[PDB]
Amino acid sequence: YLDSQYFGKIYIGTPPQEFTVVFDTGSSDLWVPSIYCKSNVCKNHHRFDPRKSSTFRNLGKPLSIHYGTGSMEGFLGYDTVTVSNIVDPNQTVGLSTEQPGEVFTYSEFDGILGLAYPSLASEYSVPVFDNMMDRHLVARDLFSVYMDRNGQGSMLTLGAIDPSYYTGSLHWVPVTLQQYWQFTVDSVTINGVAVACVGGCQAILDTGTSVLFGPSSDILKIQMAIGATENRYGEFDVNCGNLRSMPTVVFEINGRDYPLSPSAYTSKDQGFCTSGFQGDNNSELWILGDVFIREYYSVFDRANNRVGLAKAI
């Protein structure tokens, strides 16, 4: 759930040391590799050296996070972190000392900056946006996410909504459980009939994920409804020539329709077209990743515990 290209540069310490991080609405901790991680993966990424920062303070607290295909262990420090033109002082930063796992081998980011609720933060870790809200460094207690449909995009706006990135009106959906950015999806219909999320379901908006995940049974119904066929890689593909005649998949959220066109829910790479839906056999949680967010400019409002959606430019 960390394969999206929703990265950004951040700066930590005095003078600033630069890192690339995935901005992840599916988690809540900030961490980057430290100079004390000596593995190949770490040595060939940016590593924070606390000895070189005059504002660094060691918290005397550990951090350990497990991922599907890896884990990180490290230590926590305070330092100044700059993100999207906001300078965030006295910010807890996780600093890796080990990073086993394929996830880090195959990911271009140095670290992760979580944007979910503090309930998901590790012990002793304070989420970046929480620290910013607490210190009153943002104009409003919300942030906004634009992902450009074509090629690694594009913007994280902290403390504001940027109307230049959407058309039509912003519509709001209440958060149901304040951990992930979680809410109710009412239905998923295709060709005007119920296919998935029948009777409603729980979903999250997850900027860290490239695809759209759902329970396997429901997802298989979607693959069949869109005319996709399973291949030997375990993915589902379609004839690119059929995109013009394929159906829209409609996510209904708080009673309004959020259609995904065939071009939006498939990937086309040198004439090979694959479904952006992926099934999970061990979870009923729908994960609306970049497939969805590329189509819908997304506002994450902590003051009012709600998500705002509008059609992206």
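So that there is no doubt, residue numbering starts at 1 and follows the sequence shown.
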Which is higher in the entry, the mean Cα B factor of 122-130 or that of 159-167? 159-167
Mean B factor on CA atoms, stretches 257-265 and 64-72, record says higher is 64-72
Residue with highest C-alpha B-factor in the PDB entry, from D141, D206, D79, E108: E108
Between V193, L137, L115, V185, let me know which has the highest C-alpha B-factor in the entry? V193
For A310, the third of its chain into which the C-alpha B factor falls: middle
Compare the C-alpha B factor of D49 with those of the other modelled residues in its chain, then answer lowest, middle or highest third. middle
Name the third of the chain's ranked CA B-factors that contains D88, choosing lowest, middle or highest. lowest
Give the position of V41 by CA B-factor within its chain, expressed as the lowest, middle or highest third. highest
Could you place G227 in the lowest, middle or highest third of its chain by Cα temperature factor, using the values in the record? highest
